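Enquirer:
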Amino acid sequence: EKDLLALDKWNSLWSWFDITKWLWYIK
C-alpha cells in the first residue's frame, strides 16, 4: 500500500529539503 502521506517515507525528504536550517537564522 504505497502511501504518499506515509511520514515514515518522508523522513528521507526531510534530510535534504530541511528549510528549518534556513528559518532557524530568522524565525
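Positions in the sequence shown are counted from 1; adding 656 to them yields the entry's author numbering. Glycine is no exception: its CB is placed at the ideal position from the N, C-alpha and C atoms.
1. In whole angstroms, what separates the C-alpha of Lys683 from that of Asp674?
2. What is the DSSP secondary structure of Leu661, reduced to helix, strand or coil?
3. Under a three-way DSSP split, which group does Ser671 fall into?
4. So, helix, strand or coil for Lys677, using DSSP?
Expert: Let's see:
1. Those two C-alpha atoms are separated by around 14 Å.
2. Three-state result, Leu661: coil.
3. In the structure shown, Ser671 adopts helical secondary structure according to DSSP, grouped into three states.
4. For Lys677, the three-state secondary structure derived from DSSP is helix.
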